[PDB]
Visitor: 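Below you will find the structure I want to go over with you.
Side chains are part of it too, since the values below use all heavy atoms of this structure and drop only hydrogens, waters and symmetry mates. Numbering of residues begins at 1 and proceeds along the displayed sequence.
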Amino acid sequence: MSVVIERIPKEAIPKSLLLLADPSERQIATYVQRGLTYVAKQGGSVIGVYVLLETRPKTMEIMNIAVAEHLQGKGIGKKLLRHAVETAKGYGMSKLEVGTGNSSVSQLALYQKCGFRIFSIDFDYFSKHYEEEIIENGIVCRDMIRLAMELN
């Protein structure tokens, strides 16, 4: 029942779960080396993850956030997100960012419910970063929608 979230070293990342949110192992490598990875545990296993990266001044971005497929829509995304926000304040950041695909409409609702505001679109992001096309609920995942939150 109880989800426990903790830091892990980069040598122990769940590539497995990170690949759910980000199909390329080379992409994942780009930000795990430089960033901070936290995992969610429950039922005797790692079932959630997020990676924070420090980007522009006083800014972190959630580079990857993932929940085990069979456990999605149970409030675990909510929980990881709350934790990312708190971790980011802790580090003295004033801005938290997260990107998601145009097709990721359920994530778009989640992020906004949690305080993120949509501010920008990176066009053709996915076509450019991945050899293979991504389709999600009938919609081509083509562009990265950019969202941000002021922490203070």
Side-chain angles (χ1 to χ4, degrees), residues 3 5-10 12-40 46-69 71-130 132-137 139-152:
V3 177
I5 308 174
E6 39 194 65
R7 266 225 71 184
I8 54 141
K10 44 205 190 193
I13 55 154
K15 257 169 159 157
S16 27
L17 211 51
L18 290 162
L19 276 161
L20 194 48
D22 187 349
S24 149
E25 276 190 44
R26 214 140 75 189
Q27 304 279 123
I28 294 163
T30 68
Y31 52 85
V32 299
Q33 204 287 141
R34 285 182 51 216
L36 312 161
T37 311
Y38 302 71
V39 300
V46 172
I47 47 71
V49 62
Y50 75 80
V51 181
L52 282 178
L53 184 67
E54 201 183 352
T55 57
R56 282 201 221 147
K58 295 296 168 211
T59 308
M60 288 188 310
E61 186 170 343
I62 304 162
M63 295 308 300
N64 194 309
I65 179 156
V67 173
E69 283 159 302
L71 295 191
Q72 285 169 11
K74 284 172 197 280
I76 303 160
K78 257 246 78 194
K79 275 151 179 142
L80 284 167
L81 226 39
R82 291 201 276 89
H83 194 288
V85 171
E86 286 316 294
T87 301
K89 289 172 176 158
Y91 279 104
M93 310 289 100
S94 68
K95 197 178 210 231
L96 189 62
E97 302 186 330
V98 67
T100 204
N102 57 283
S103 62
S104 308
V105 177
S106 147
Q107 304 202 141
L108 289 176
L110 181 68
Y111 298 155
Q112 296 184 269
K113 285 186 192 202
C114 296
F116 287 92
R117 190 188 181 179
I118 301 156
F119 74 93
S120 213
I121 306 146
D122 295 337
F123 293 104
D124 295 310
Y125 178 96
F126 291 91
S127 327
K128 226 145 285 173
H129 284 71
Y130 308 96
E132 191 63 82
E133 188 182 70
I134 299 159
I135 301 163
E136 208 161 46
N137 317 122
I139 311 159
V140 178
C141 189
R142 177 183 312 161
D143 309 312
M144 193 70 99
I145 308 311
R146 307 285 293 160
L147 302 89
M149 197 193 190
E150 258 136 37
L151 308 169
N152 269 21

Visitor: Could you tell me if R142 sits above the aromatic ring of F126, with its cationic atom closer than 6.0 Å to the ring centre and no more than 45 degrees from the axis?
Guide: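 Verdict for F126: no cation-pi partner in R142.
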
Visitor: Return yes if some donor-acceptor pair links the side-chain N/O of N64 with the main-chain N/O of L18 below 3.5 Å, else return no.
Guide: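 Side chain of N64 to backbone of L18: a pair is present.
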
Visitor: Kindly indicate whether the side chain of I13, heavy atoms from C-beta on, has any atom under 4.5 Å from the side chain of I8.
Guide: yes

Visitor: Distance from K113 atom NZ to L108 atom CG, nearest 0.5 Å?
Guide: 12.5 Å

Visitor: Check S103 against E136 and note the closest heavy-atom contact, atom names and distance.
Guide: OG-OE1, 2.6 Å

Visitor: If you measure from OG on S120 to CG on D143, what distance do you get to the nearest 0.5 Å?
Guide: 11.0 Å

Visitor: Which distance, rounded to the nearest 0.5 Å, do you find between the CD of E6 and the OH of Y38?
Guide: 12.0 Å

Visitor: Where is the tightest heavy-atom contact between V67 and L80, given as atom of each residue plus distance?
Guide: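 That would be CG2-CD1, 4.0 Å.
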
Visitor: Return the minimal non-hydrogen interatomic distance between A40 and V3, and the atom names on each side.
Guide: CB-CG1, 3.7 Å

Visitor: If you take all heavy atoms of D22 and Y31, which pair is closest and at what distance?
Guide: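 Taking every non-hydrogen atom into account, OD2-OH, 2.7 Å.
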
Visitor: Any side-chain heavy-atom pair from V105 and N137 closer than 4.5 angstrom?
Guide: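 No; the side chains remain at least 4.5 Å from each other.
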
Visitor: Using atom types as modelled and distance alone, determine if a side-chain donor or acceptor of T87 lies under 3.5 Å from a backbone N or O of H83.
Guide: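 Yes, because the side chain of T87 sits within donor-acceptor range (under 3.5 Å) of the backbone of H83.
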
Visitor: Side-chain contact, heavy-atom cut-off 4.5 Å: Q27 with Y130?
Guide: yes

Visitor: Could you state the interatomic distance from NZ (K89) to CG (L96), rounded to the nearest 0.5 Å?
Guide: 10.0 Å

Visitor: Under a 3.5 Å distance rule, please check whether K10 uses its side chain to pair with a backbone N or O of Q33 as donor and acceptor.
Guide: yes

Visitor: With a 4.5 Å cut-off on side-chain heavy atoms, are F119 and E97 touching?
Guide: yes

Visitor: Atom OG of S127 and atom CD of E132: how far apart are they, to the nearest 0.5 Å?
Guide: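 Interatomic distance, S127 OG to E132 CD, rounded to 0.5 Å: 11.5 Å.
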
Visitor: Write down the atom of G101, the atom of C141, and the distance for their closest heavy-atom approach.
Guide: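 The answer is CA-SG, 3.6 Å.
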
Visitor: Looking at CD1 of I65 and CG of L17, how far apart are the two atoms once the value is rounded to the nearest 0.5 Å?
Guide: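 Output value for this atom pair is 10.5 Å.
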
Visitor: So among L81, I62, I118, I145, which one has a side-chain contact (heavy atoms from CB on, under 4.5 Å) with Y111?
Guide: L81

Visitor: Quick one: does any side-chain atom of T59 pair with a main-chain N or O of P57 as donor and acceptor, under 3.5 Å?
Guide: yes

Visitor: Decide yes or no for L147 and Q112: does some side-chain heavy atom of the first lie under 4.5 Å from some side-chain heavy atom of the second?
Guide: yes

Visitor: Quick one: which of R34, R146, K95, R56 gives a salt bridge (charged side-chain N to carboxylate O under 4.0 Å, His left out) with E61?
Guide: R146

Visitor: Counting heavy atoms not belonging to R7, are there more than 12 under 6.0 Å from its CZ?
Guide: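 Enclosed: over 12 neighbouring heavy atoms sit under 6.0 Å from CZ of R7.
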
Visitor: Go through the steps for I121 and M144 under the test side chain to side chain contact (heavy atoms under 4.5 Å, CB included), then give the verdict.
Guide: CA-CA 6 Å; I121 306 146; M144 193 70 99; over 6 Å; no

Visitor: Before you tell me yes or no, could you show the steps for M60 and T55 under side chain to side chain contact (heavy atoms under 4.5 Å, CB included), namely the whole-Å CA-CA distance, both residues' side-chain angles and the distance that decides it to 0.1 Å?
Guide: CA-CA 6 Å; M60 288 188 310; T55 57; over 6 Å; no

Visitor: Below 4.5 Å, heavy atoms only, C-beta onward: do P14 and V39 meet side chain to side chain?
Guide: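 Yes, at least one pair of side-chain atoms sits under 4.5 Å.
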
Visitor: Answer yes or no: is there a side-chain heavy-atom contact under 4.5 Å between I76 and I47?
Guide: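 Sidechains of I47 and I76: in contact.
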
Visitor: Give the minimum heavy-atom separation between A68 and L20, together with the two atoms involved.
Guide: CA-CD2, 4.4 Å

Visitor: Compare all side-chain heavy atoms of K78 with those of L110 and state whether any distance is below 4.5 angstrom.
Guide: yes

